[PDB]
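Chain letters run A, B, ... following the sequence lines, proteins first and then strands; every chain starts at 1. The analysis underlying the following values was restricted to heavy atoms, covering all of them including side chains, and did not include hydrogens, waters or symmetry mates. We count ligands from 1, going down the list as the structure has it; atoms in each ligand are counted the same way.
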Amino acid sequence: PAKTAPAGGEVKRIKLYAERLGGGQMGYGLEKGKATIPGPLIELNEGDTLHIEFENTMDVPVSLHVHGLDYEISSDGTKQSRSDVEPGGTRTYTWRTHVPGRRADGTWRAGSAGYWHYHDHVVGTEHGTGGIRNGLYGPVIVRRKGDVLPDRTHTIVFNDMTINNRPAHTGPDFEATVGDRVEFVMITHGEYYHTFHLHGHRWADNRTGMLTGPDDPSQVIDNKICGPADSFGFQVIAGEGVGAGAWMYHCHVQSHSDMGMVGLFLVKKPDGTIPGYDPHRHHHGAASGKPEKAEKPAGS
Amino acid sequence: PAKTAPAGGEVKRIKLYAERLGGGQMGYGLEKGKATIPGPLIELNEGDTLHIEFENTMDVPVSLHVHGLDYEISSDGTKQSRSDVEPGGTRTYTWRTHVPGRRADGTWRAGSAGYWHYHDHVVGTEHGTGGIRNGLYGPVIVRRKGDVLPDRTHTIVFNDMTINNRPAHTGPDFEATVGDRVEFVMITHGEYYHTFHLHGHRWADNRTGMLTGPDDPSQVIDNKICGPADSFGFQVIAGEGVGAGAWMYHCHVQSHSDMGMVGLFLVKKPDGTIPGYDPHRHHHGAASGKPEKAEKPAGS
Amino acid sequence: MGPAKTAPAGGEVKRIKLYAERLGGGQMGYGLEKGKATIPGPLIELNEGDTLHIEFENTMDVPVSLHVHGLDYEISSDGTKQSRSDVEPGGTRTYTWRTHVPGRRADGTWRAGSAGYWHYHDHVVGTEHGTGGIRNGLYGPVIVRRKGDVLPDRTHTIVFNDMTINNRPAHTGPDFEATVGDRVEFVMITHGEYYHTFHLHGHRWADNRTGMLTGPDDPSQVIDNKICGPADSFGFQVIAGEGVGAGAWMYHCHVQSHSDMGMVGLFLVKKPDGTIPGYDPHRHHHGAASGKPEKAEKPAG
Ligand SMILES: [Cu+2]
Ligand SMILES: [Cu+2]
Ligand SMILES: [Cu+2]
Ligand SMILES: [Cu+2]
Ligand SMILES: [Cu+2]
Ligand SMILES: [Cu+2]
Ligand SMILES: [Cu+2]
Ligand SMILES: [Cu+2]
Ligand SMILES: [Cu+2]
Ligand SMILES: [Cu+2]
Ligand SMILES: [Cu+2]
Ligand SMILES: [Cu+2]
Ligand SMILES: [Cu+2]
Ligand SMILES: [Cu+2]
Ligand SMILES: [Cu+2]
Ligand SMILES: [Zn+2]
Ligand SMILES: [Zn+2]
Ligand SMILES: [Zn+2]
């Protein structure tokens, strides 16, 4: 058992659009009218090259900038590099990815693999302050050959005082069944530091969020401090050793928690019930609505 | 010939009370009228189960919630899971703990071993904001079989702008003899980020705070940023390579340090001498009083 | 490409002269020669086992001290009022830092070595916590090397001190110059009141002691972005432009208002012919010019 990532090395291509959303927001999407905050999950295998055919449907300039992946200066996505996109414009951005390996100097070159993210560098200031606040950001995952694959992947972005730009106390909530292998990508943006905490679960503070084995000294944690543009990820086995229930995740800064940065990891018994939980309730005047569906990785 | 932790797997039982302390404060204790801030140190061996017979001695509801350990949702310690405790009420809380090992899918399940903590989730808000502010928090240590055991353990909690809820510039101070193996558990709570620093000593930033050997890449540090609910720990040999002295520890955020988050690790020669220490001095109007005794782990 | 240069065994007794002096604008700094003080102060590099005697002289009209992180020192070298190790105006003192290799103790435990990215700063100016001294610029990098550690071509020091980089005016950089392929070391230190996040475009490093993965078994997260707070220090090395190419590669704090307010600089990575595609040097940004690139630091001789 346990599905693992294959070798990379393929040239891949997708479309991405930036568009205005309700109420002053902006998002990236895989099709016109389909933009979401966070933008679509992009998933690659080390060695893969990705050509993103990008179109800006808005009436202001926008760009696409990425952390951690290889790109040439012309793909930086900045005014400074003349890599932004005019209103109505199209540009092809290119991201590349490489495996680890020995350098001739004897050192070991780290590969591209990790939890990363992309966002706008252009809207509102030349640092993307406006774009990021408006919602233009998304997750990118690069797998090393042999990395364990999860059943589903959820993305949690602490953006200023919001989770995924949602109104306070709206979650989101994510559904799983006890035993599911579930991946979280955790990204932070804006002005503030936070601490991400998840009830009833824990992970390894390292590249994959999972210990490699008995020799891995990495601290096991349930709580992690994070600043703007930090990203990390991990996988848990839902309800492992703790059983079903509505398991809270939240920022652990006390006022942030009280002010609505909280959501539920809803872990169901095999029969679909969660012990001791009331679904349609309001919390501080707001309802979390339906659980957010897991993100499907983009294109190909 | 360093002492090491034995294998776990027992069933342990303790009693725990919540009671009001002076000045709007609240604490946990092992006996009525014995509550302390921070609460008693609880120490377990990976695999141990702990039943806590909990009694709420106060006139308002309270709860007990734990990080990192295994527990069922009915032990969550929250209003939402109906696991809180009414005034004058009793409940048994159960915490469980497991060793690392291979799963059936071939992956490696991380153990519970680590530096963790427990606090109230119900007082002042359903996030425990009031309980934590008031002092209901305390350390939990889970040892992996073969972990090095210290001579003594001290707990340092940065709760908002205070150390262990003490008035500004009161320490606490901790006392050791040169060569003692001393363990510190460092927990943060409240609204603020901090950076913990200890003069004259250093530790590995990894699960146990010690390097496993020559193959551990973990950064050796004397300074660590930490946010609300962050938990870590480490051991030092007191005065190693440095000698006796009053060795300051403190938040390194400059104003926090000036405003009183500072204490002393007082390391003595066998004949008692402590260079760089004036025992009768007040600092910014306050005195640290006598050194805090090392916490002895709650007996079963 | 030959095998990288690596640090030898330490164990030598070394000695330098160090001064504190006032600089323009109410600032203060450490220097290797009178009139030569810099912010940050001179880079100090040792090999594990080295002892360093710092013959220190305060040229200022107010007291000052020298305190260090991570390195072995006796209480009389603490550099604090409490330990009576501060220096009076015109005063001199010998500060001694020692350093040790890793190894097994008698108890069978492994003692961690001194090696790492560390720093020194005043502990007595403005308050007994060195709050004024640090604000004014009395701080600098210390590197301790384990035998075998890879040595870079050049080292640069980036200090986020409150809202400034190296106490420079907003939007002035500094910028650092390299050529594609150069092995470039960064020492990154934070001071003052604020948390930040350090980010470098186009490059990445391992979050661990050396900033470099030890091999295929090292689990450390590979990152381009790192949260840091007052007195934090870490370091890494990158191969400039590796897999990416020439360009003006931005580094900045990633807290949005901080980058907007000027904590930004350029890692200027030139092609072998000395040119940078699509970049211009004399621009002003938000009213300020970054001036010429910061020359790399020669470790104190
Ligand atoms: Cu940027
Ligand atoms: Cu928060
Ligand atoms: Cu919790
Ligand atoms: Cu970014
Ligand atoms: Cu409603
Ligand atoms: Cu909680
Ligand atoms: Cu603090
Ligand atoms: Cu220090
Ligand atoms: Cu908590
Ligand atoms: Cu008094
Ligand atoms: Cu200090
Ligand atoms: Cu900043
Ligand atoms: Cu970037
Ligand atoms: Cu310091
Ligand atoms: Cu000018
Ligand atoms: Zn709530
Ligand atoms: Zn003080
Ligand atoms: Zn700018």
Side-chain angles (χ1 to χ4, degrees), chain A residues 63-69 71 76-81 116-129 131-133 136-140 157 159 187-190 227-231, chain B residues 163 168-171 173 197 199 246 248-264 278 281-288, chain C residues 80-83 123-124 126-132 165 170-173 175 197-204 223-226 248-266 283-290:
Chain A
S63 73
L64 178 68
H65 172 77
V66 69
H67 286 236
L69 281 65
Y71 57 92
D76 199 27
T78 62
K79 292 177 171 171
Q80 301 79 329
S81 59
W116 302 107
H117 61 101
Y118 58 86
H119 63 85
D120 167 68
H121 215 295
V122 142
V123 181
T125 68
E126 69 288 356
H127 302 285
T129 301
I132 292 175
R133 180 189 304 133
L136 293 154
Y137 52 79
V140 188
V157 186
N159 189 29
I187 302 167
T188 297
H189 272 301
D230 274 342
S231 53
Chain B
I163 306 176
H169 300 107
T170 66
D173 298 342
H197 175 57
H199 283 221
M248 299 182 49
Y249 71 91
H250 55 76
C251 182
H252 212 304
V253 177
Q254 290 300 145
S255 68
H256 297 193
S257 188
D258 290 329
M259 288 175 168
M261 310 192 208
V262 182
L264 309 172
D278 178 336
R281 214 198 106 97
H282 287 89
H283 200 52
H284 302 286
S288 63
Chain C
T80 62
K81 295 183 183 147
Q82 302 96 304
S83 66
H123 216 296
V124 314
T127 77
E128 72 282 356
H129 300 280
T131 297
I165 302 178
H171 309 289
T172 69
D175 301 339
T197 49
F198 177 84
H199 175 56
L200 174 63
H201 286 223
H203 301 73
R204 68 218 56 77
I223 58 174
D224 67 9
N225 199 83
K226 183 167 174 67
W249 295 103
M250 285 177 53
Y251 73 88
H252 47 83
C253 179
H254 212 303
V255 183
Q256 294 302 138
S257 64
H258 295 193
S259 64
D260 288 323
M261 288 178 213
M263 307 192 216
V264 185
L266 303 174
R283 269 244 229 96
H284 280 89
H285 197 38
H286 299 285
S290 66

| task | Taking side chain to side chain donor-acceptor pair (under 3.5 Å) as the test, write out the residues that go with C:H258, two or more places apart. | result | C:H196
| field | Nearest-0.5 Å distance that lies between atom NE2 in A:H189 and atom NE2 in C:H254 | value | 6.5 Å
| To the nearest 0.5 Å, how far apart are CG in A:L64 and NE2 in A:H121? |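 Answer rounded to 0.5 Å: 11.5 Å.
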| said: In terms of relative ring orientation, are C:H285 and C:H171 parallel, tilted or perpendicular, with 30° and 60° separating the classes? | reply: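 Geometry flag for C:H171 against C:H285: perpendicular rings.
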| task | Give the ring-plane orientation class for A:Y71 versus C:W249, where under 30° counts as parallel, over 60° as perpendicular and anything between as tilted. | result | perpendicular
| Side-chain donor/acceptor of C:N225 to backbone N/O of A:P228, under 3.5 Å | yes
| query | Is A:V140 close to A:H117 at the side-chain level, that is, under 4.5 Å between some pair of heavy atoms? | reply | no
| query | Do C:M250 and C:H199 come within less than 4.5 Å of each other through their side chains, counting heavy atoms only? | reply | no
| task | State the count of protein N/O/S atoms located less than 2.8 Å away from the Zn ion (ligand 18). | result | 3
| How about the Cu ion (ligand 4), which protein N, O or S atoms come within less than 2.8 Å? |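 Sorted hits: A:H67 NE2, A:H119 NE2, C:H254 NE2.
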| Under the side chain to side chain contact (heavy atoms under 4.5 Å, CB included) test, which residues partner C:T127, sequence neighbours left out? |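 Per chain and number, C:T127 pairs via side chain to side chain contact (heavy atoms under 4.5 Å, CB included) with B:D258, C:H129, C:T131.
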